[PDB]
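Participant: Structure incoming, see below.
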Amino acid sequence: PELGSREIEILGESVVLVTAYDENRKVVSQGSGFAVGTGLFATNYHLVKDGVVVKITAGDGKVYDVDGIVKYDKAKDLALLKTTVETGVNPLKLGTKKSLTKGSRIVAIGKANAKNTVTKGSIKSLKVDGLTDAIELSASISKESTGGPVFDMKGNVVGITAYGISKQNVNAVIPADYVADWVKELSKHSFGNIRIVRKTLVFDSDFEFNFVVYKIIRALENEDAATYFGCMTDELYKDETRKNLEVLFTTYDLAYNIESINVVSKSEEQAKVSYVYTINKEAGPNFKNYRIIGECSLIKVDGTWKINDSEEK
């Protein structure tokens, strides 16, 4: 009852390279992921959280654009990505942590920069002190394989590698049950109907405009008023806004989940961009989580695009 090389090679064809880029096309993070649907890939949240643009590379070299993050869990360092198109990458069958015993053998597969690394090991413990639900392994899985699948001797995905998720030198993996729950919920929706929770951009002809809106929302999320006011014309700055931001940044920890950013209209010195995002409270006193559906006007000032008006509901 041991997973053979032939099976490992076949399962490895579902493992992909996940690369996140900043607005200047620089690589900010890179790791592994795996297909769990035709256009759905599981990975770590840390590999994509700072990616303005995210790309997936399959074992055959094919590169796919990421449309956005459809599910995520910060405490479990978990993310589910949706590609802009359905890919030819075969989804992997997911198992459960309920079948695991301590001492049982596992195989982790990761994609280096798009060739595979196979790491062998065993289950040390069915819990990890400090984590709500994690599995401890007897030895380490390399940083480059993070976000990749962990298989049992039957070939089912029982975990997801998560480099640095616990205390230093603790080797912990997240149970596949969490990804299976997301896949089951999303299974009831067609591909085109799956909704984005945290939007990632593509380097297309609309990038210059969509990025202003992406940057200004990201600045509110990072508690960065200097970047927030830098995204708008000098005219839009108000002392009252600056004061309101100080209270918001010190009172709460907030997540700004972007659903969509789209150019409505554009020209050489003027543009309109629509956007949808939610504000979710992670910590602090009472806060009513809410959705913002807006549209803003942009103008080119000394070459740099800036927001000169907005309307939100």
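If you're wondering about the labels, chains in the structure tokens are A, B, ... by order shown, residues count from 1 in each chain, ligands from 1 in order shown.
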Find the residues near stretch 42-49 of chain A: any atom within 9 Å, counting only C-alpha atoms, skip ones fewer than 4 places away on the same chain, and give them as a PDB file with N, CA and C atoms, in the first residue's frame.
Facilitator:
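Output (out_17.pdb):
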```
ATOM      1  N   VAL A  18       2.825  29.119  -9.202  1.00  0.00           N
ATOM      2  CA  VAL A  18       2.017  30.309  -8.940  1.00  0.00           C
ATOM      3  C   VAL A  18       2.987  31.499  -8.816  1.00  0.00           C
ATOM      4  N   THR A  19       2.885  32.502  -9.705  1.00  0.00           N
ATOM      5  CA  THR A  19       3.786  33.661  -9.655  1.00  0.00           C
ATOM      6  C   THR A  19       3.018  34.965  -9.490  1.00  0.00           C
ATOM      7  N   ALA A  20       3.377  35.762  -8.472  1.00  0.00           N
ATOM      8  CA  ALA A  20       2.724  37.043  -8.254  1.00  0.00           C
ATOM      9  C   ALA A  20       3.672  38.160  -8.644  1.00  0.00           C
ATOM     10  N   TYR A  21       3.136  39.162  -9.341  1.00  0.00           N
ATOM     11  CA  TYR A  21       3.874  40.316  -9.836  1.00  0.00           C
ATOM     12  C   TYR A  21       3.360  41.597  -9.222  1.00  0.00           C
ATOM     13  N   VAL A  28       7.077  39.259  -6.925  1.00  0.00           N
ATOM     14  CA  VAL A  28       7.080  39.496  -5.483  1.00  0.00           C
ATOM     15  C   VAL A  28       6.991  38.197  -4.681  1.00  0.00           C
ATOM     16  N   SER A  29       6.416  37.143  -5.257  1.00  0.00           N
ATOM     17  CA  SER A  29       6.321  35.841  -4.607  1.00  0.00           C
ATOM     18  C   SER A  29       6.126  34.751  -5.647  1.00  0.00           C
ATOM     19  N   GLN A  30       6.560  33.536  -5.291  1.00  0.00           N
ATOM     20  CA  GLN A  30       6.438  32.398  -6.171  1.00  0.00           C
ATOM     21  C   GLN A  30       6.379  31.137  -5.345  1.00  0.00           C
ATOM     22  N   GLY A  31       5.461  30.264  -5.705  1.00  0.00           N
ATOM     23  CA  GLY A  31       5.307  28.999  -5.015  1.00  0.00           C
ATOM     24  C   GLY A  31       4.533  28.020  -5.860  1.00  0.00           C
ATOM     25  N   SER A  32       3.916  27.056  -5.209  1.00  0.00           N
ATOM     26  CA  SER A  32       3.172  26.011  -5.890  1.00  0.00           C
ATOM     27  C   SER A  32       1.663  26.157  -5.678  1.00  0.00           C
ATOM     28  N   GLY A  33       0.919  25.393  -6.449  1.00  0.00           N
ATOM     29  CA  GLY A  33      -0.532  25.295  -6.403  1.00  0.00           C
ATOM     30  C   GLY A  33      -0.965  24.025  -7.111  1.00  0.00           C
ATOM     31  N   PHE A  34      -2.267  23.780  -7.160  1.00  0.00           N
ATOM     32  CA  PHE A  34      -2.769  22.572  -7.827  1.00  0.00           C
ATOM     33  C   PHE A  34      -4.221  22.718  -8.290  1.00  0.00           C
ATOM     34  N   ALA A  35      -4.545  22.097  -9.423  1.00  0.00           N
ATOM     35  CA  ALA A  35      -5.905  22.151  -9.915  1.00  0.00           C
ATOM     36  C   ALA A  35      -6.838  21.317  -9.065  1.00  0.00           C
ATOM     37  N   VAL A  36      -7.960  21.930  -8.672  1.00  0.00           N
ATOM     38  CA  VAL A  36      -9.078  21.294  -7.947  1.00  0.00           C
ATOM     39  C   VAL A  36     -10.411  21.427  -8.728  1.00  0.00           C
ATOM     40  N   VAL A  53      -0.798  41.291 -10.151  1.00  0.00           N
ATOM     41  CA  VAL A  53      -1.078  40.410 -11.275  1.00  0.00           C
ATOM     42  C   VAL A  53      -0.573  39.016 -10.883  1.00  0.00           C
ATOM     43  N   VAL A  54      -1.369  37.976 -11.124  1.00  0.00           N
ATOM     44  CA  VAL A  54      -0.962  36.615 -10.784  1.00  0.00           C
ATOM     45  C   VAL A  54      -1.047  35.738 -12.019  1.00  0.00           C
ATOM     46  N   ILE A  69      -8.940  35.876  -6.629  1.00  0.00           N
ATOM     47  CA  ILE A  69      -9.081  34.924  -5.549  1.00  0.00           C
ATOM     48  C   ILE A  69     -10.587  34.761  -5.293  1.00  0.00           C
ATOM     49  N   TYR A  72     -10.560  32.485   0.448  1.00  0.00           N
ATOM     50  CA  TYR A  72      -9.283  32.567   1.167  1.00  0.00           C
ATOM     51  C   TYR A  72      -9.494  32.456   2.664  1.00  0.00           C
ATOM     52  N   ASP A  73      -8.453  32.039   3.355  1.00  0.00           N
ATOM     53  CA  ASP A  73      -8.498  31.890   4.809  1.00  0.00           C
ATOM     54  C   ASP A  73      -7.130  32.264   5.284  1.00  0.00           C
ATOM     55  N   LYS A  74      -7.005  33.429   5.935  1.00  0.00           N
ATOM     56  CA  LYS A  74      -5.702  33.904   6.409  1.00  0.00           C
ATOM     57  C   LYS A  74      -5.084  33.029   7.489  1.00  0.00           C
ATOM     58  N   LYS A  76      -5.429  29.864   7.986  1.00  0.00           N
ATOM     59  CA  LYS A  76      -4.974  28.603   7.394  1.00  0.00           C
ATOM     60  C   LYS A  76      -4.012  28.789   6.216  1.00  0.00           C
ATOM     61  N   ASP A  77      -3.664  30.046   5.871  1.00  0.00           N
ATOM     62  CA  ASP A  77      -2.801  30.405   4.746  1.00  0.00           C
ATOM     63  C   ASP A  77      -3.258  29.698   3.479  1.00  0.00           C
ATOM     64  N   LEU A  78      -4.551  29.791   3.205  1.00  0.00           N
ATOM     65  CA  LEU A  78      -5.147  29.055   2.107  1.00  0.00           C
ATOM     66  C   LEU A  78      -5.822  29.983   1.113  1.00  0.00           C
ATOM     67  N   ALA A  79      -5.746  29.652  -0.182  1.00  0.00           N
ATOM     68  CA  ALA A  79      -6.415  30.461  -1.201  1.00  0.00           C
ATOM     69  C   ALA A  79      -6.872  29.610  -2.368  1.00  0.00           C
ATOM     70  N   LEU A  80      -7.960  30.044  -3.013  1.00  0.00           N
ATOM     71  CA  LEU A  80      -8.469  29.383  -4.192  1.00  0.00           C
ATOM     72  C   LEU A  80      -8.485  30.435  -5.285  1.00  0.00           C
ATOM     73  N   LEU A  81      -7.803  30.158  -6.394  1.00  0.00           N
ATOM     74  CA  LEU A  81      -7.680  31.093  -7.498  1.00  0.00           C
ATOM     75  C   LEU A  81      -8.552  30.655  -8.651  1.00  0.00           C
ATOM     76  N   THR A 146       5.709  25.082  -1.255  1.00  0.00           N
ATOM     77  CA  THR A 146       4.573  25.575  -0.478  1.00  0.00           C
ATOM     78  C   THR A 146       3.384  25.862  -1.379  1.00  0.00           C
ATOM     79  N   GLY A 147       2.206  25.519  -0.919  1.00  0.00           N
ATOM     80  CA  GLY A 147       0.978  25.692  -1.697  1.00  0.00           C
ATOM     81  C   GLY A 147       0.594  24.458  -2.496  1.00  0.00           C
ATOM     82  N   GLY A 148       1.511  23.503  -2.581  1.00  0.00           N
ATOM     83  CA  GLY A 148       1.304  22.261  -3.309  1.00  0.00           C
ATOM     84  C   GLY A 148       0.568  21.219  -2.496  1.00  0.00           C
ATOM     85  N   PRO A 149       0.143  20.139  -3.164  1.00  0.00           N
ATOM     86  CA  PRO A 149      -0.616  19.097  -2.456  1.00  0.00           C
ATOM     87  C   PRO A 149       0.246  18.072  -1.720  1.00  0.00           C
ATOM     88  N   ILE A 160      -2.287  20.449   2.337  1.00  0.00           N
ATOM     89  CA  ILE A 160      -1.683  21.503   1.536  1.00  0.00           C
ATOM     90  C   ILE A 160      -0.494  21.995   2.332  1.00  0.00           C
ATOM     91  N   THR A 161       0.675  21.992   1.707  1.00  0.00           N
ATOM     92  CA  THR A 161       1.920  22.432   2.319  1.00  0.00           C
ATOM     93  C   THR A 161       1.816  23.913   2.659  1.00  0.00           C
ATOM     94  N   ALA A 162       2.294  24.288   3.843  1.00  0.00           N
ATOM     95  CA  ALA A 162       2.202  25.670   4.295  1.00  0.00           C
ATOM     96  C   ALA A 162       3.470  26.073   5.028  1.00  0.00           C
ATOM     97  N   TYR A 163       4.470  26.529   4.267  1.00  0.00           N
ATOM     98  CA  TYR A 163       5.741  26.959   4.825  1.00  0.00           C
ATOM     99  C   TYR A 163       5.548  28.125   5.813  1.00  0.00           C
ATOM    100  N   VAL A 179     -10.380  22.837   1.553  1.00  0.00           N
ATOM    101  CA  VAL A 179     -10.441  23.070   0.121  1.00  0.00           C
ATOM    102  C   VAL A 179     -11.585  22.268  -0.464  1.00  0.00           C
ATOM    103  N   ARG A 198     -11.234  38.593  -4.033  1.00  0.00           N
ATOM    104  CA  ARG A 198     -10.100  39.534  -4.026  1.00  0.00           C
ATOM    105  C   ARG A 198      -9.529  39.574  -5.448  1.00  0.00           C
ATOM    106  N   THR A 200      -7.512  40.378  -8.850  1.00  0.00           N
ATOM    107  CA  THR A 200      -6.156  40.573  -9.321  1.00  0.00           C
ATOM    108  C   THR A 200      -6.289  41.133 -10.756  1.00  0.00           C
TER     109      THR A 200
END
```
Participant: Which residues are close to residue A:128, i.e. within 12 Å by only C-alpha atoms, leaving aside same-chain residues fewer than 2 positions away? Reply as a PyMOL selection string.
Facilitator: chain A and resi 123-126+130-137+165-167+170-175
Participant: Those residues with N, CA, C and O atoms, as a JSON list (two decimals), in the first residue's frame please?
Facilitator:
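So the final result, stored in again_28.json, reads:
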```json
[["chain", "number", "residue", "atom", "x", "y", "z"],
["A", 123, "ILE", "N", 3.33, 11.25, 8.83],
["A", 123, "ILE", "CA", 2.53, 11.99, 9.81],
["A", 123, "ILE", "C", 3.11, 11.85, 11.23],
["A", 123, "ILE", "O", 3.23, 10.73, 11.75],
["A", 124, "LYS", "N", 3.44, 12.98, 11.87],
["A", 124, "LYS", "CA", 3.95, 12.97, 13.24],
["A", 124, "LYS", "C", 2.81, 13.10, 14.24],
["A", 124, "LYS", "O", 2.78, 12.40, 15.27],
["A", 125, "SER", "N", 1.87, 14.01, 13.95],
["A", 125, "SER", "CA", 0.77, 14.26, 14.87],
["A", 125, "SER", "C", -0.47, 14.76, 14.13],
["A", 125, "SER", "O", -0.38, 15.35, 13.05],
["A", 126, "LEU", "N", -1.64, 14.49, 14.70],
["A", 126, "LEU", "CA", -2.91, 14.90, 14.09],
["A", 126, "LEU", "C", -3.38, 16.29, 14.55],
["A", 126, "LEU", "O", -4.51, 16.67, 14.28],
["A", 130, "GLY", "N", -1.42, 25.66, 18.75],
["A", 130, "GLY", "CA", -1.43, 27.03, 18.23],
["A", 130, "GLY", "C", -2.28, 27.20, 16.98],
["A", 130, "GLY", "O", -2.74, 28.30, 16.67],
["A", 131, "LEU", "N", -2.51, 26.10, 16.25],
["A", 131, "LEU", "CA", -3.33, 26.12, 15.05],
["A", 131, "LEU", "C", -4.62, 25.38, 15.31],
["A", 131, "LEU", "O", -4.60, 24.29, 15.92],
["A", 132, "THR", "N", -5.76, 25.93, 14.85],
["A", 132, "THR", "CA", -7.08, 25.36, 15.08],
["A", 132, "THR", "C", -7.18, 23.95, 14.55],
["A", 132, "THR", "O", -7.68, 23.08, 15.25],
["A", 133, "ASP", "N", -6.65, 23.71, 13.34],
["A", 133, "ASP", "CA", -6.72, 22.37, 12.77],
["A", 133, "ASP", "C", -5.61, 22.19, 11.76],
["A", 133, "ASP", "O", -5.72, 22.68, 10.64],
["A", 134, "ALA", "N", -4.51, 21.54, 12.15],
["A", 134, "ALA", "CA", -3.39, 21.31, 11.24],
["A", 134, "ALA", "C", -2.75, 19.93, 11.54],
["A", 134, "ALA", "O", -3.02, 19.33, 12.57],
["A", 135, "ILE", "N", -1.97, 19.40, 10.61],
["A", 135, "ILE", "CA", -1.33, 18.10, 10.75],
["A", 135, "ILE", "C", 0.17, 18.33, 10.82],
["A", 135, "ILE", "O", 0.69, 19.09, 10.00],
["A", 136, "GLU", "N", 0.87, 17.66, 11.77],
["A", 136, "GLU", "CA", 2.31, 17.82, 11.86],
["A", 136, "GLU", "C", 3.01, 16.70, 11.10],
["A", 136, "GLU", "O", 2.61, 15.54, 11.22],
["A", 137, "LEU", "N", 4.05, 17.05, 10.32],
["A", 137, "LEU", "CA", 4.86, 16.10, 9.60],
["A", 137, "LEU", "C", 6.19, 15.88, 10.36],
["A", 137, "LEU", "O", 6.60, 16.71, 11.17],
["A", 165, "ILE", "N", 3.78, 28.39, 8.56],
["A", 165, "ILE", "CA", 2.45, 28.60, 9.12],
["A", 165, "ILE", "C", 2.40, 28.50, 10.66],
["A", 165, "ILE", "O", 1.50, 29.08, 11.28],
["A", 166, "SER", "N", 3.34, 27.79, 11.26],
["A", 166, "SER", "CA", 3.34, 27.59, 12.70],
["A", 166, "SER", "C", 4.54, 28.34, 13.31],
["A", 166, "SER", "O", 4.96, 29.37, 12.78],
["A", 167, "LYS", "N", 5.05, 27.88, 14.45],
["A", 167, "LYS", "CA", 6.23, 28.43, 15.06],
["A", 167, "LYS", "C", 7.45, 27.98, 14.20],
["A", 167, "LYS", "O", 7.33, 27.11, 13.33],
["A", 170, "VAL", "N", 8.58, 24.19, 12.91],
["A", 170, "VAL", "CA", 7.46, 23.25, 13.05],
["A", 170, "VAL", "C", 6.93, 22.97, 11.65],
["A", 170, "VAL", "O", 6.67, 23.90, 10.90],
["A", 171, "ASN", "N", 6.81, 21.70, 11.26],
["A", 171, "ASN", "CA", 6.37, 21.33, 9.92],
["A", 171, "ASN", "C", 4.90, 20.95, 9.95],
["A", 171, "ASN", "O", 4.55, 19.87, 10.41],
["A", 172, "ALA", "N", 4.04, 21.89, 9.54],
["A", 172, "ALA", "CA", 2.59, 21.75, 9.60],
["A", 172, "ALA", "C", 1.96, 21.86, 8.22],
["A", 172, "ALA", "O", 2.39, 22.66, 7.40],
["A", 173, "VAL", "N", 0.92, 21.06, 7.98],
["A", 173, "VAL", "CA", 0.16, 21.13, 6.75],
["A", 173, "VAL", "C", -1.33, 21.35, 7.09],
["A", 173, "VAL", "O", -1.80, 20.95, 8.16],
["A", 174, "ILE", "N", -2.06, 21.99, 6.18],
["A", 174, "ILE", "CA", -3.47, 22.27, 6.36],
["A", 174, "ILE", "C", -4.28, 21.15, 5.75],
["A", 174, "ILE", "O", -4.01, 20.75, 4.63],
["A", 175, "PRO", "N", -5.29, 20.63, 6.47],
["A", 175, "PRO", "CA", -6.11, 19.54, 5.91],
["A", 175, "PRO", "C", -6.83, 19.93, 4.61],
["A", 175, "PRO", "O", -7.36, 21.05, 4.51]]
```
Participant: Could you pull out all residues of stretch 18-144 of chain A with a DSSP call of helix (DSSP H, G or I) and give them as number ranges by chain?
Facilitator: A: 97-99, 143-144
Participant: Would you mind writing down, as a PyMOL selection string, each residue of stretch 78-232 of chain A that DSSP on the backbone assigns to strand (DSSP E)?
Facilitator: chain A and resi 78-83+105-111+116-125+135-137+149-151+157-161+172-175+198-199
Participant: Any chance you can output those residues with N, CA, C and O atoms as a short mmCIF file (atom, residue, chain, number, x, y, z; two decimals), in the first residue's frame?
Facilitator:
```cif
data_model
loop_
_atom_site.label_atom_id
_atom_site.label_comp_id
_atom_site.auth_asym_id
_atom_site.auth_seq_id
_atom_site.Cartn_x
_atom_site.Cartn_y
_atom_site.Cartn_z
N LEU A 78 -4.55 29.79 3.20
CA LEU A 78 -5.15 29.06 2.11
C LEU A 78 -5.82 29.98 1.11
O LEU A 78 -6.44 30.96 1.52
N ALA A 79 -5.75 29.65 -0.18
CA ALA A 79 -6.42 30.46 -1.20
C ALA A 79 -6.87 29.61 -2.37
O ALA A 79 -6.26 28.59 -2.67
N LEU A 80 -7.96 30.04 -3.01
CA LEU A 80 -8.47 29.38 -4.19
C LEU A 80 -8.49 30.43 -5.29
O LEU A 80 -9.05 31.51 -5.11
N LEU A 81 -7.80 30.16 -6.39
CA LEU A 81 -7.68 31.09 -7.50
C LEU A 81 -8.55 30.65 -8.65
O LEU A 81 -8.65 29.46 -8.93
N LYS A 82 -9.14 31.62 -9.36
CA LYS A 82 -9.88 31.32 -10.58
C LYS A 82 -9.10 31.90 -11.76
O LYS A 82 -8.68 33.05 -11.70
N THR A 83 -8.88 31.13 -12.82
CA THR A 83 -8.20 31.63 -14.01
C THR A 83 -9.21 32.39 -14.91
O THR A 83 -10.41 32.21 -14.75
N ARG A 105 2.66 7.21 5.77
CA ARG A 105 3.49 7.91 4.80
C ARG A 105 2.73 8.90 3.94
O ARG A 105 1.59 8.66 3.56
N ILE A 106 3.38 10.03 3.64
CA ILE A 106 2.84 11.04 2.73
C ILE A 106 3.90 11.39 1.62
O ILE A 106 5.09 11.06 1.75
N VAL A 107 3.44 12.00 0.53
CA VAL A 107 4.26 12.47 -0.60
C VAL A 107 3.76 13.88 -0.95
O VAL A 107 2.58 14.05 -1.18
N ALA A 108 4.63 14.88 -0.90
CA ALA A 108 4.26 16.23 -1.30
C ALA A 108 4.87 16.51 -2.67
O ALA A 108 5.99 16.07 -2.98
N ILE A 109 4.12 17.19 -3.54
CA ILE A 109 4.61 17.57 -4.85
C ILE A 109 4.58 19.08 -4.97
O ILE A 109 3.58 19.73 -4.62
N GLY A 110 5.67 19.64 -5.44
CA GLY A 110 5.80 21.07 -5.67
C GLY A 110 6.37 21.33 -7.04
O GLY A 110 6.96 20.45 -7.64
N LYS A 111 6.19 22.54 -7.56
CA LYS A 111 6.71 22.92 -8.86
C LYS A 111 7.80 23.93 -8.64
O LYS A 111 7.54 24.99 -8.08
N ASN A 116 8.83 19.35 -11.46
CA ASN A 116 8.39 18.91 -10.15
C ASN A 116 9.47 18.48 -9.18
O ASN A 116 10.49 17.92 -9.59
N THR A 117 9.21 18.74 -7.88
CA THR A 117 9.99 18.27 -6.73
C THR A 117 9.05 17.36 -5.93
O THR A 117 7.88 17.74 -5.67
N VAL A 118 9.52 16.17 -5.58
CA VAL A 118 8.72 15.21 -4.82
C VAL A 118 9.37 15.10 -3.47
O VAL A 118 10.53 14.74 -3.42
N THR A 119 8.66 15.38 -2.38
CA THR A 119 9.19 15.29 -1.02
C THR A 119 8.48 14.17 -0.28
O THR A 119 7.27 14.10 -0.31
N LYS A 120 9.23 13.30 0.39
CA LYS A 120 8.65 12.19 1.14
C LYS A 120 8.68 12.48 2.64
O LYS A 120 9.56 13.20 3.13
N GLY A 121 7.74 11.90 3.35
CA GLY A 121 7.67 12.07 4.79
C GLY A 121 6.57 11.25 5.42
O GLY A 121 6.00 10.38 4.78
N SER A 122 6.30 11.52 6.69
CA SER A 122 5.26 10.80 7.42
C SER A 122 4.51 11.70 8.39
O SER A 122 4.99 12.78 8.76
N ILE A 123 3.33 11.25 8.83
CA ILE A 123 2.53 11.99 9.81
C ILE A 123 3.11 11.85 11.23
O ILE A 123 3.23 10.73 11.75
N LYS A 124 3.44 12.98 11.87
CA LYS A 124 3.95 12.97 13.24
C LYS A 124 2.81 13.10 14.24
O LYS A 124 2.78 12.40 15.27
N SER A 125 1.87 14.01 13.95
CA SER A 125 0.77 14.26 14.87
C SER A 125 -0.47 14.76 14.13
O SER A 125 -0.38 15.35 13.05
N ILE A 135 -1.97 19.40 10.61
CA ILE A 135 -1.33 18.10 10.75
C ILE A 135 0.17 18.33 10.82
O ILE A 135 0.69 19.09 10.00
N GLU A 136 0.87 17.66 11.77
CA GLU A 136 2.31 17.82 11.86
C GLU A 136 3.01 16.70 11.10
O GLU A 136 2.61 15.54 11.22
N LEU A 137 4.05 17.05 10.32
CA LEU A 137 4.86 16.10 9.60
C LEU A 137 6.19 15.88 10.36
O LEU A 137 6.60 16.71 11.17
N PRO A 149 0.14 20.14 -3.16
CA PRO A 149 -0.62 19.10 -2.46
C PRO A 149 0.25 18.07 -1.72
O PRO A 149 1.38 17.78 -2.12
N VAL A 150 -0.32 17.50 -0.65
CA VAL A 150 0.27 16.44 0.17
C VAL A 150 -0.67 15.26 -0.02
O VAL A 150 -1.86 15.38 0.29
N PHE A 151 -0.15 14.14 -0.53
CA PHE A 151 -0.91 12.92 -0.81
C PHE A 151 -0.69 11.80 0.20
O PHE A 151 0.42 11.61 0.70
N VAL A 157 -5.43 13.77 -2.12
CA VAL A 157 -4.87 14.95 -1.50
C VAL A 157 -5.42 15.00 -0.09
O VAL A 157 -6.62 15.12 0.09
N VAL A 158 -4.56 14.89 0.91
CA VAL A 158 -4.98 14.98 2.31
C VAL A 158 -4.55 16.30 2.98
O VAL A 158 -5.08 16.65 4.04
N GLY A 159 -3.65 17.04 2.34
CA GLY A 159 -3.18 18.29 2.89
C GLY A 159 -2.62 19.25 1.87
O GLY A 159 -2.49 18.93 0.69
N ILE A 160 -2.29 20.45 2.34
CA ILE A 160 -1.68 21.50 1.54
C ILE A 160 -0.49 22.00 2.33
O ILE A 160 -0.64 22.36 3.51
N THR A 161 0.67 21.99 1.71
CA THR A 161 1.92 22.43 2.32
C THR A 161 1.82 23.91 2.66
O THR A 161 1.32 24.70 1.85
N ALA A 172 4.04 21.89 9.54
CA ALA A 172 2.59 21.75 9.60
C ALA A 172 1.96 21.86 8.22
O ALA A 172 2.39 22.66 7.40
N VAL A 173 0.92 21.06 7.98
CA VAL A 173 0.16 21.13 6.75
C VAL A 173 -1.33 21.35 7.09
O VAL A 173 -1.80 20.95 8.16
N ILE A 174 -2.06 21.99 6.18
CA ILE A 174 -3.47 22.27 6.36
C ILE A 174 -4.28 21.15 5.75
O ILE A 174 -4.01 20.75 4.63
N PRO A 175 -5.29 20.63 6.47
CA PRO A 175 -6.11 19.54 5.91
C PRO A 175 -6.83 19.93 4.61
O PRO A 175 -7.36 21.05 4.51
N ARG A 198 -11.23 38.59 -4.03
CA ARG A 198 -10.10 39.53 -4.03
C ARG A 198 -9.53 39.57 -5.45
O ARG A 198 -8.85 38.66 -5.88
N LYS A 199 -9.84 40.64 -6.16
CA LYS A 199 -9.50 40.87 -7.57
C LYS A 199 -8.02 41.06 -7.84
O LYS A 199 -7.37 41.85 -7.18
#
```
Participant: Got a sec: who's within 8 Å of stretch 284-297 of chain A, counting only C-alpha atoms, leaving out chain neighbours fewer than 2 positions off, as a compact mmCIF listing (two decimals) with N, CA, C and O atoms, in the first residue's frame?
Facilitator:
```txt
# COMPACT_ATOMS: atom_id res chain seq x y z
N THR A 251 -8.83 52.21 15.26
CA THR A 251 -9.92 51.51 15.96
C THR A 251 -10.11 50.07 15.49
O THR A 251 -10.46 49.21 16.29
N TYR A 252 -9.92 49.82 14.20
CA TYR A 252 -10.21 48.50 13.62
C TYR A 252 -9.06 47.91 12.82
O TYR A 252 -8.20 48.65 12.35
N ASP A 253 -9.12 46.59 12.57
CA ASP A 253 -8.28 45.88 11.61
C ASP A 253 -9.31 45.49 10.55
O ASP A 253 -10.28 44.80 10.88
N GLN A 270 -8.74 61.68 -19.88
CA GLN A 270 -9.91 61.49 -19.03
C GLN A 270 -10.39 60.03 -19.05
O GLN A 270 -10.31 59.39 -20.09
N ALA A 271 -10.89 59.51 -17.91
CA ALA A 271 -11.40 58.14 -17.82
C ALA A 271 -12.43 57.97 -16.68
O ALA A 271 -12.49 58.81 -15.79
N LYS A 272 -13.25 56.89 -16.71
CA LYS A 272 -14.23 56.55 -15.67
C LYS A 272 -14.01 55.07 -15.33
O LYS A 272 -13.92 54.25 -16.24
N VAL A 273 -13.89 54.73 -14.04
CA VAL A 273 -13.64 53.35 -13.64
C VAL A 273 -14.67 52.96 -12.59
O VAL A 273 -14.86 53.68 -11.60
N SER A 274 -15.36 51.84 -12.80
CA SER A 274 -16.30 51.35 -11.80
C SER A 274 -15.60 50.29 -10.91
O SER A 274 -14.65 49.63 -11.33
N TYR A 275 -16.09 50.15 -9.69
CA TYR A 275 -15.52 49.21 -8.75
C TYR A 275 -16.54 48.74 -7.72
O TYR A 275 -17.54 49.43 -7.46
N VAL A 276 -16.31 47.54 -7.17
CA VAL A 276 -17.11 46.94 -6.10
C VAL A 276 -16.15 46.33 -5.10
O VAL A 276 -15.29 45.54 -5.48
N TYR A 277 -16.27 46.68 -3.81
CA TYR A 277 -15.47 46.05 -2.76
C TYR A 277 -16.26 45.98 -1.44
O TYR A 277 -17.26 46.68 -1.28
N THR A 278 -15.87 45.08 -0.53
CA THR A 278 -16.51 44.97 0.77
C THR A 278 -15.50 45.30 1.84
O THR A 278 -14.30 45.00 1.69
N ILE A 279 -15.98 45.85 2.96
CA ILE A 279 -15.12 46.11 4.09
C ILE A 279 -15.55 45.15 5.20
O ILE A 279 -16.71 45.18 5.62
N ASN A 280 -14.63 44.24 5.61
CA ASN A 280 -14.91 43.23 6.63
C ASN A 280 -14.03 43.43 7.86
O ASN A 280 -12.81 43.50 7.73
N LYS A 281 -14.65 43.53 9.04
CA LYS A 281 -13.89 43.73 10.26
C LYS A 281 -13.25 42.43 10.75
O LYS A 281 -13.94 41.43 10.93
N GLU A 282 -11.93 42.46 10.95
CA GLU A 282 -11.16 41.33 11.46
C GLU A 282 -10.98 41.45 12.98
O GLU A 282 -10.98 40.43 13.67
N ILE A 299 -8.31 61.78 -14.13
CA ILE A 299 -7.72 62.75 -15.06
C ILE A 299 -6.19 62.62 -15.04
O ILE A 299 -5.60 62.25 -14.02
N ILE A 307 -7.55 60.35 -9.35
CA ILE A 307 -9.00 60.40 -9.19
C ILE A 307 -9.40 61.83 -8.82
O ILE A 307 -8.87 62.38 -7.86
N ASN A 308 -10.32 62.44 -9.59
CA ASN A 308 -10.77 63.81 -9.29
C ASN A 308 -12.23 63.89 -8.80
O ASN A 308 -12.70 64.98 -8.49
N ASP A 309 -12.93 62.76 -8.76
CA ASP A 309 -14.32 62.68 -8.31
C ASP A 309 -14.70 61.21 -8.15
O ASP A 309 -14.11 60.34 -8.79
N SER A 310 -15.70 60.94 -7.32
CA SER A 310 -16.20 59.59 -7.09
C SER A 310 -17.64 59.63 -6.60
O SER A 310 -18.10 60.63 -6.05
N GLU A 311 -18.36 58.53 -6.81
CA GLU A 311 -19.74 58.40 -6.36
C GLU A 311 -19.93 56.97 -5.87
O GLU A 311 -19.69 56.05 -6.64
N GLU A 312 -20.30 56.78 -4.59
CA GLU A 312 -20.43 55.45 -4.01
C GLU A 312 -21.77 55.17 -3.35
O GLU A 312 -22.34 56.04 -2.70
N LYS A 313 -22.24 53.92 -3.49
CA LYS A 313 -23.51 53.44 -2.93
C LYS A 313 -23.38 52.00 -2.41
O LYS A 313 -22.26 51.54 -2.12
```
Participant: Compile the contact shell of residue A:219 as a VMD selection string: residues with an atom at most 12 Å away, counting only C-alpha atoms, same-chain residues fewer than 4 positions apart removed.
Facilitator: chain A and resid 211 to 215 223 to 232 245 249 254 to 256
Participant: Just the number, please: distance in Å from atom CA of residue A:68 to atom CA of residue A:27, one decimal.
Facilitator: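 Going from atom CA of residue A:68 over to atom CA of residue A:27 covers 17.1 Å.
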Participant: Hey, what's within 12 Å of residue A:88 if we count only C-alpha atoms and toss same-chain stuff fewer than 5 positions away? As a list in words, please?
Facilitator: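 Counting only C-alpha atoms, the residues come to residues 13, 14, 16, 35, 36, 37, 38, 39, 40, 57, 58, 59, 60, 61, 62, 63, 64 and 83 of chain A.
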